[PDB]
């Protein structure tokens, strides 16, 4: 059925998106930590790294849990055809993507500055980008994914709503979830 197919695509694309958040918050951060242990001192100041990886601990925790809830829903779809309440519940936290989007250009410029002016950090970034984990895509490519994810939620939830029955089941929560994600998406303007 169309609603289940679209909900499955929300889940499957969320698996990929959470893997990007892992790449940034866990794998890249671990690479910096590894270089810092090799050197015996931080290769970059924590406060600067955390601004480059802006809100990534919060976003990783938020979407890791969103994903696991979606996975539970899709495993039990026969008995309960609902996903949108999960987005509505997490609304206050999804609003963190608004500041992520609004600060993106400044935080990418900070990444660029730090790679040009801090050679130990530049080396970690380049070696990570060339590693199989990144597959020779720049860190900025992955840091853009949260910006791109919010319009994807909008498209997917709009298609989901189109295939629901009015004022039954997940319909009203899908409307409210769409309102949350549109408010976030507008910060790209």
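Numbering follows the first chain given and starts at 1.
Of 38-46 and 128-136, the stretch whose C-alpha atoms average the higher B-factor in the entry: On average, C-alpha B-factors are higher across 38-46.
Test of understanding: from the entry's C-alpha B-factors, which stretch has the higher mean, 22-30 or 156-164? Between 156-164 and 22-30, it is 156-164 that shows the higher mean C-alpha B-factor.
Split the chain's modelled residues into thirds by Cα B-factor; is residue 178 in the lowest, middle or highest one? For residue 178, whose C-alpha B-factor we compare with every modelled residue in the chain, the answer is the highest third.
Please rank the C-alpha B-factors of the chain's modelled residues and tell me whether residue 73 sits in the lowest, middle or highest third. Within its chain, residue 73 is a middle-third residue by C-alpha B-factor, going by the deposited values.
Lowest, middle or highest third of the chain for the C-alpha temperature factor of residue 115? As the PDB entry reports it, the C-alpha B-factor of residue 115 lands in the highest third of its chain.
Select lowest, middle or highest to describe the third in which the CA B-factor of residue 93 falls within its chain in this entry. It belongs to the middle third of the chain when residues are ordered by C-alpha B-factor.
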